[PDB]
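First the structure, in the form of structure tokens, and then the observations on it.
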Amino acid sequence: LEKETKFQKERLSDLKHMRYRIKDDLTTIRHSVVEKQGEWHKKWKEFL
Amino acid sequence: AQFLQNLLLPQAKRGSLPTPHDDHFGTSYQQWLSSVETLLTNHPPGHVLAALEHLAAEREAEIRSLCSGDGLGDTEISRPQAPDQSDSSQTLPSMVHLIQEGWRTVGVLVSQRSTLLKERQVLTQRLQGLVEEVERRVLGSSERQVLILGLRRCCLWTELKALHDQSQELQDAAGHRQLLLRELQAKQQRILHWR
Amino acid sequence: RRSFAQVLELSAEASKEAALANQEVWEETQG
Amino acid sequence: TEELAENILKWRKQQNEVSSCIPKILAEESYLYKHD
Amino acid sequence: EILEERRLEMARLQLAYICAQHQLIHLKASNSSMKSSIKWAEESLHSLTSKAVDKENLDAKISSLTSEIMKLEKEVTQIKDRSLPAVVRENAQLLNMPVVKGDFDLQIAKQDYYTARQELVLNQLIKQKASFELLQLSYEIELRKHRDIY
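Keeping their order, the protein sequence lines are chains F, E, H, B and C.
Numbers given in PDB author numbering equal positions in the first sequence, counted from 1, plus 336.
Numbers given in PDB author numbering equal positions in the second sequence, counted from 1, plus 195.
Numbers given in PDB author numbering equal positions in the third sequence, counted from 1, plus 308.
Numbers given in PDB author numbering equal positions in the fourth sequence, counted from 1, plus 179.
Numbers given in PDB author numbering equal positions in the fifth sequence, counted from 1, plus 252.
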């Protein structure tokens with residue numbers, strides 16, 4: 337029983353770690369998306 | 196109640212011309228007078244009071260039945276819906292989720308473009324070797340000029356046909372978009388008339 | 309449940325990024 | 180749960196590498212078409 | 253900030269969609285063109301072995317092919333400047349109604365309920381007014397009876 341308890345606490349630790357790193361990936365992707373859309377909007381505003 | 200409903204029938208909500216219901220002021224009143232004459236003649240005011248108390252309790256319990264709608268599960272209480280509104284309650288995607296499905300469609304388009312790269316680069320070499328075989332054969336300058344002109348004509352006619360096909364397809368998409376937009380504006384005037 | 313929430317959100321944003329990259333490259337090459 | 184985790188992250192990295200590799204393919208195809 | 257971000261999200265969907273379908277249009281048109289080029293190169297490489305064009309006929313077909321190329325080129329040019337980009341821009345600017353139909357339908361599904369329940373309240377007041385009018389009319393009839401017997 338104490339073995340299962342240690343595996344589920346390590347399990348939830350890994351879950352919170354993967355949540356945080358996919359959140360960081362979300363931030364990086366959103367930053368790139370914002371920069372690309374700023375460039376596109378400026379370029380096509382000058383174009384049209 | 197029919198008399199007061201004709202009094203409180205909304206004139207602006209009437210699609211036809213407004214009907215001044217003075218015939219409902221008079222003839223319905225006379226029929227009501229006959230019914231009230233029978234009611235008062237056959238019956239005492241005391242059990243009139245008893246039955247009026249009973250009907251006031253009926254109206255109070257009629258309101259109480261709708262007040263007692265909290266018998267459902269008190270878990271995330273939101274969306275006050277119509278009584279038995281289940282079939283028409285389609286799971287419309289939210290502000291984000293519609294854009295999620297749209298980005299799924301554009302990602303499918305991205306995969307289609309990625310396959311288009313491989314297809315176009317593989318089939319490009321067929322035309323390249325075909326024009327190289329045109330150059331390889333023993334043909335005159337005028338023959339090769341006719342070959343180039345016909346190659347360009349066969350490019351242009353079918354490219355123009357494909358341009359028409361894609362332009363009319365996206366114009367049909369815009370037409371379906373406006374066919375959805377007409378429902379939007381009609382529902383907007385419905386909400387304004389509701390106000 | 310919240311994990312599915314951010315999975316769908318990041319899927320939308322990643323397909324958005326793919327669309328932006330493809331649009332940028334098409335404007336780079338075709339003009 | 181973690182199986183779909185590496186599944187989703189491999190799809191996202193795969194499409195990202197494809198998006199980055201579209202430039203060279205399009206440049207090669209456009210320069211092949213623009214050269215007789 | 254969240255509403256501004258979501259309006260920007262819709263505007264970015266339009267931003268991508270301004271060229272997203274246009275890429276597919278250009279790619280499919282180019283692919284149809286190069287399939288037709290492949291088929292014409294094949295057909296003419298097969299035909300020139302069997303059929304030999306005379307030099308006067310070579311120049312006549314040069315004139316005919318070129319005269320059709322100018323018309324095909326101007327008709328293609330008509331569908332690359334202000335016809336395709338305006339259509340795709342209209343399609344992008346018409347990416348609103350999936351949101352607007354749901355947002356209108358939720359409030360309308362609530363508004364039919366509002367109309368029905370407010371008309372129920374109105375009919376409750378109407379029934380109460382009817383009962384009070386009946387009771388007052390009975391009182392007036394009793395008063396008239398009292399005066400007449402008096």
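All C-beta atoms in this analysis are idealised placements derived from N, C-alpha and C, irrespective of residue type, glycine included.
Any chain H beta carbon closer than 8 Å to residue i
{"i": "residue 403/C", "result": "Residue 403/C lies beyond the range of chain C shown here (253 to 402); nothing can be said about it."}
{"i": "residue 372/F", "result": "yes"}
{"i": "residue 330/C", "result": "no"}
{"i": "residue 193/B", "result": "no"}
{"i": "residue 366/F", "result": "yes"}
{"i": "residue 205/B", "result": "yes"}
{"i": "residue 362/F", "result": "yes"}
{"i": "residue 361/E", "result": "no"}
{"i": "residue 298/C", "result": "no"}
Identity of the residue in the options nearest residue i by Cα
{"i": "residue 366/E", "options": "382/C, 349/C and 336/C", "result": "336/C"}
{"i": "residue 369/F", "options": "311/H, 326/H, 339/H and 309/H", "result": "326/H"}
{"i": "residue 369/C", "options": "353/E, 202/E, 363/E and 277/E", "result": "277/E"}
{"i": "residue 321/H", "options": "365/F, 359/F and 355/F", "result": "365/F"}
{"i": "residue 278/C", "options": "289/C, 332/C, 315/C and 265/C", "result": "332/C"}
{"i": "residue 202/C", "options": "384/F, 373/F and 353/F", "result": "Summary: the structure shown does not reach residue 202/C, with chain C confined to residues 253 through 402, and so no result is reported for it."}
{"i": "residue 328/E", "options": "389/C, 295/C, 349/C and 309/C", "result": "295/C"}
{"i": "residue 240/E", "options": "399/C, 396/C and 386/C", "result": "386/C"}
{"i": "residue 350/F", "options": "181/B, 215/B, 212/B and 214/B", "result": "181/B"}
{"i": "residue 296/E", "options": "265/C, 316/C and 374/C", "result": "265/C"}
{"i": "residue 388/E", "options": "402/C, 311/C and 364/C", "result": "364/C"}
{"i": "residue 202/E", "options": "390/C, 374/C, 402/C and 400/C", "result": "374/C"}
{"i": "residue 300/E", "options": "268/C, 304/C and 293/C", "result": "268/C"}
{"i": "residue 211/B", "options": "258/E, 209/E and 319/E", "result": "319/E"}
{"i": "residue 354/F", "options": "184/B, 201/B, 215/B and 214/B", "result": "184/B"}
Residue-level contact to chain B via CB, residue i, 8 Å cutoff
{"i": "residue 316/E", "result": "yes"}
{"i": "residue 320/H", "result": "no"}
{"i": "residue 334/E", "result": "no"}
{"i": "residue 326/H", "result": "yes"}
{"i": "residue 305/E", "result": "yes"}
{"i": "residue 273/E", "result": "no"}
{"i": "residue 309/E", "result": "yes"}
{"i": "residue 154/E", "result": "In the structure displayed, chain E extends from 196 to 390; residue 154/E sits before or after that span and is not available."}
{"i": "residue 319/E", "result": "yes"}
Assigned exposure category for residue i - 16 Cβ within 10 Å defines buried
{"i": "residue 286/C", "result": "buried"}
{"i": "residue 380/F", "result": "exposed"}
{"i": "residue 206/B", "result": "exposed"}
{"i": "residue 163/E", "result": "Given a span of 196 to 390 for chain E in the structure shown, any question on residue 163/E remains unanswerable."}
{"i": "residue 331/H", "result": "buried"}
{"i": "residue 315/C", "result": "exposed"}
{"i": "residue 315/E", "result": "buried"}
{"i": "residue 343/F", "result": "exposed"}
{"i": "residue 312/C", "result": "exposed"}
{"i": "residue 190/B", "result": "exposed"}
{"i": "residue 211/E", "result": "exposed"}
{"i": "residue 207/E", "result": "exposed"}
{"i": "residue 347/F", "result": "exposed"}
Integer-rounded CB distance, given that residue j should sit under 8 Å from residue i
{"i": "residue 351/E", "j": "residue 324/C", "result": "4 Å"}
{"i": "residue 305/E", "j": "residue 194/B", "result": "7 Å"}
{"i": "residue 361/E", "j": "residue 280/C", "result": "6 Å"}
{"i": "residue 339/C", "j": "residue 354/E", "result": "Contact doesn't hold; Cβ gap of about 17 Å is too wide."}
{"i": "residue 317/C", "j": "residue 348/E", "result": "5 Å"}
{"i": "residue 223/E", "j": "residue 198/E", "result": "5 Å"}
{"i": "residue 383/C", "j": "residue 247/E", "result": "6 Å"}
{"i": "residue 187/B", "j": "residue 315/H", "result": "6 Å"}
{"i": "residue 290/C", "j": "residue 312/E", "result": "At roughly 18 Å, the Cβ-Cβ gap does not stay under 8 Å, so residue 290/C and residue 312/E are not in contact."}
CB contact check: residue i to chain E, cutoff 8 Å
{"i": "residue 392/C", "result": "no"}
{"i": "residue 361/C", "result": "yes"}
{"i": "residue 378/C", "result": "yes"}
{"i": "residue 196/B", "result": "no"}
{"i": "residue 395/C", "result": "no"}
{"i": "residue 211/B", "result": "yes"}
{"i": "residue 317/H", "result": "yes"}
{"i": "residue 187/B", "result": "no"}
Beta carbon proximity, residue i to chain F, threshold 8 Å
{"i": "residue 336/H", "result": "no"}
Neighbour flag for residue i against chain D, beta carbons, 8 Å
{"i": "residue 311/H", "result": "Protein chains F, E, H, B and C are contained in the structure displayed, whereas chain D is not."}
Chain C contact for residue i (CB, 8 Å cutoff)
{"i": "residue 369/E", "result": "yes"}
{"i": "residue 384/E", "result": "no"}
{"i": "residue 314/H", "result": "no"}
{"i": "residue 377/F", "result": "yes"}
Problem set entry | Inter-stretch contact (C-beta, 8 Å, three-pair minimum) for the segment 270 to 280 of chain C and the segment 339 to 356 of chain C | Remark: three or more beta-carbon pairs, one from each stretch, lie closer than 8 Å, so the segment 270 to 280 of chain C and the segment 339 to 356 of chain C are flagged as touching.
Exercise. Taking contact to mean at least 3 C-beta pairs separated by less than 8 Å, is the segment 222 to 235 of chain E in contact with the segment 249 to 264 of chain E?
Worked result: Touching, no, given that fewer than three Cβ pairs across the two stretches are closer than 8 Å.
For this session: Indicate whether the contact test is met: 3 or more Cβ pairs, each with one atom in the segment 286 to 302 of chain C and one in the segment 338 to 347 of chain E, closer than 8 Å.
Result: Between the segment 286 to 302 of chain C and the segment 338 to 347 of chain E there are three or more C-beta pairs closer than 8 Å, enough to call the two in contact.
Exercise. Counting Cβ pairs, one atom from each stretch, are 3 or more of them under 8 Å apart for the segment 344 to 364 of chain C and the segment 368 to 378 of chain E?
Worked result: In short, these stretches touch, since the Cβ pair count reaches three.
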